[PDB]
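For reference, the chain that follows is the form deposited in one PDB entry, supplied as structure tokens.
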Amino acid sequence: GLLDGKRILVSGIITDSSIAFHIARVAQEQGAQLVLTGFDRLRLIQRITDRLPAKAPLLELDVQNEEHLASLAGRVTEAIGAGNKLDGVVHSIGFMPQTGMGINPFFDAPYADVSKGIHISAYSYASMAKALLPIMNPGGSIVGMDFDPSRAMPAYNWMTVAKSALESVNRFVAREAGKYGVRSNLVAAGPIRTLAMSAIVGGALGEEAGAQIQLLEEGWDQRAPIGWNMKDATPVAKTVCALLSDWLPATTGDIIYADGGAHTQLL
């Protein structure tokens, strides 16, 4: 078992298509003991996580809620037992209001919406690290999910800006985490069909955005030297487990691309 004996917190499960659900599944298959966190729809999330290979405690965490963050470490400790600490933390959380996405003009997104998106998608990586580092073991690993924002693209709009901010946040979280002997890294995944952008991807919220996204997906598989399957989150989940393991011990503040190699190819 790649993660035998390791205690890992996984946030971000909302459906069985969630990248976090697959991370959790693979982690448990590899021997990890999990604590899960969920947002807003905890009754539904509980039914979904009951389908994981092993039973895991589910805790509520809205990353915009200061009370939730202040009590998190205490709640986790109660879940894993006094005297035990975490070895891993997975941040698989993102949101950008519709005004900041799709066919909505880039200039028309009010700052209040953009600010909410950046709070949830980027700042929360730092606040979860702040909350959880005091209960992590040395040798531990924090991993977040990125979508390569180094270039602009249609439809992704303000979420691209939030991911640029997240990459920067990760480099600073690494500085803090290193004081605890903990690594911090992002996995930059290729596009996966999940609930988050399903309405935009399907064309429901503007045919143009749907068409642009189809072009992006087709080009991604084309450019990836080993191809890319947008319906299979397993390669991404495996990569996250690699970073949670002891086998990338000198990598921190960094981004590991689980994208079929697409970002390394122009055409």
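When you see a residue number, it is the position in the sequence shown, counting from 1. Superpose the two forms; the largest set of C-alphas matching within 1.5 Å is the rigid core. Shifts are known only where both forms have a C-alpha.
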Study note, to complete from the structure: Entry B factor averaged over C-alpha atoms, 160-168 against 86-94: higher for 86-94
Check your understanding: Averaging C-alpha B-factors over each stretch, which comes out higher, 124-132 or 67-75?
Key -> 67-75
Point to revise | Maximum C-alpha temperature factor, selected from 144, 81, 149, 190 | key: 81
Review point. Of the three thirds of its chain by CA temperature factor, lowest, middle or highest, which one includes residue 240?
Key: lowest
Exercise for review: Determine, from the deposited record, the chain-internal third of the Cα B-factor for residue 115: lowest, middle or highest.
Suggested key: middle
Check your understanding: With respect to C-alpha B-factor, does residue 185 fall in the lowest, middle or highest third of the chain as deposited?
Key -> lowest
Check your understanding: By the record's CA B-factor, is residue 174 among the lowest, middle or highest third of residues in the chain?
Key -> lowest
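The form deposited in another entry exists for this protein as well; it is not shown, and the discussion that follows is about that form.
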Study note, to complete from the structure: Mover between this form and the one not shown (rigid core aligned, C-alpha >= 2 Å shift), picked from 31, 202, 227, 53, is 202
Check your understanding: Residues present in both forms, rigid core superposed: which consecutive runs of three or more show CA displacements of 2 Å or more between this form and the one not shown?
Key -> 195-203, 205-209
